[PDB]
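Observations on the three-dimensional arrangement
The residues making up each chain are set out below.
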Amino acid sequence: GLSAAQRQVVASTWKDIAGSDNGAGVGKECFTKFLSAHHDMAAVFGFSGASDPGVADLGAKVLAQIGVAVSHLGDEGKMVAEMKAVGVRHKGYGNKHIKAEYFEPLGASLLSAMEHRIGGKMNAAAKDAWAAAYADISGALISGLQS
Ligand code: HEM
């Protein structure tokens, strides 16, 4: 599923975009677009539109999970245990309208927003390495999800 070159390209793009923000300006610009393009997930996340600061709260807190998961892409025995739990958490949120169908799509559109921080440094290996790592990150959260 992943390779040493990709695992390295993943930890190399997370130390820059998530330097001190840990991915704060990554989900706020991604979730915001998802909420706008999708008016069915806004009430689910807890926002009224794309002009809501809450978006920067979820897209940010969520990015962190991807960070703790970036320190173990080849080791899917523990970093996947925490993500699997997040799914169980989404099984009873304040909206009870979560779905893994928005994950993939919201995951791909997320890599296009990461370039906003490392614009110019995000090469193909950066979006590809993360495009292969985010698959195991989110895919590992859909397990406990819909519980
Ligand atoms: C696109 C599908 C998703 C939906 C609809 C969704 C929805 C939500 C909602 C509604 C909350 C709580 C906000 C509130 O108070 O209402 C939340 C929290 C959170 N979500 Fe998601 N989420 C999705 C995908 C993800 C993914 C893929 C990750 C992981 C990368 C993730 C990680 C988190 C984290 C870490 C929190 C913080 C809450 C906690 O864990 O205690 N979410 N999500």
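Residues numbered from 1 in each chain as written, not as in the entry; some residues may be left out. Heavy atoms only, no water.

Moving on, we get to the overall build of the protein. Within the protein one finds seven helices and zero strands. Its helices and strands in sequence order give the protein the pattern α-α-α-α-α-α-α, from N to C terminus. Scaling as 2.2 N^0.38, a compact globule of 147 residues should have a C-alpha radius of gyration of about 15 Å, and the protein matches this with 14 Å. The principal-axis extents of the C-alpha atoms in the protein amount to approximately 40 × 35 × 25 Å. Looking at the protein as a whole, 43% of its 147 residues are labelled buried. For the protein, the computed accessible surface area is about 7500 Å², with 52% contributed by carbon and sulfur atoms. Positive and negative side-chain charges of the protein, numbering 14 and 14 respectively, have mean locations separated by a distance of 4 Å. (Helix = DSSP H or I, 4+ residues; strand = E, 2+ residues; numbered from the N terminus. Rg over C-alpha atoms; globule rule 2.2 N^0.38 Å. Buried < 20%, exposed > 50% of the residue type's maximum accessible area, 1.4 Å probe, protein only. Areas by Shrake-Rupley, 256 points an atom, 1.4 Å probe, with all protein chains shown as cover. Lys, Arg positive; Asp, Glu negative; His and termini not counted. Charge placed at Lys NZ, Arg CZ, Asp CG, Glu CD.)

The UniProt record marks residues 1-146 with the feature "domain: Globin", using the residue numbering of this structure. End-to-end, the C-alpha atoms of residues 1-146 are 24 Å apart, and along that stretch the chain is 65% helix and 0% strand. (UniProt positions renumbered as here; feature names shortened; annotations may be inferred.)

With that settled, the discussion passes to the site of the ligand. Taken together, 16 residues are adjacent to the ligand, and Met41, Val44, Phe45, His90 and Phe103 come closest. Here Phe45 contributes a backbone N or O atom positioned 2.9 Å from an oxygen atom of the ligand. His90 places a side-chain nitrogen or oxygen 2.9 Å from a nitrogen atom of the ligand. Put simply, the parts of the chain that give the shell around the ligand at least two residues each are α3 (42-45) and α4 (53-70). No other element matches α4, which puts four residues into the shell around the ligand. Among the residues making up the shell around the ligand, the classes are represented as twelve nonpolar, two polar and two charged. (Near = heavy atom within 4 Å. Polar contact = N/O pair within 3.5 Å; in protein donor to acceptor, adjacent residues only side chain to side chain. Nonpolar A, V, L, I, M, F, W, Y, C, P; charged D, E, K, R; others polar.)

What the protein offers the iron atom of the ligand as a donor is a single atom, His90 (NE2), at 2.2 Å. Topologically, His90 is positioned in helix α5 (residues 79-90). (Donors = N, O, S within 2.8 Å, 3.2 Å for Na, K, Ca; no water.)

With that settled, consider the packing of helix α6 (residues 103-114) against helix α7 (residues 124-144). It is the contact of α6 with α7, at a shortest axis distance of 10 Å, that shows an interaxial angle of 145°. In the crossing of α6 with α7, the sense of the turn from one axis to the other is right-handed. Contacts from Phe103, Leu110, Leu111 and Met114 in α6 reach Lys127, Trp130, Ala131, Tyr134, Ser138, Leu141 and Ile142 in α7. Of the residues that constitute the contact of α6 with α7, the class distribution is nine nonpolar, one polar and one charged. (Axes fitted to C-alpha atoms, helices over the stretch in contact; angles between N-to-C directions. Left-handed = near helix turned anticlockwise from the far one by under 90°. Contact = heavy atoms within 4.5 Å.)

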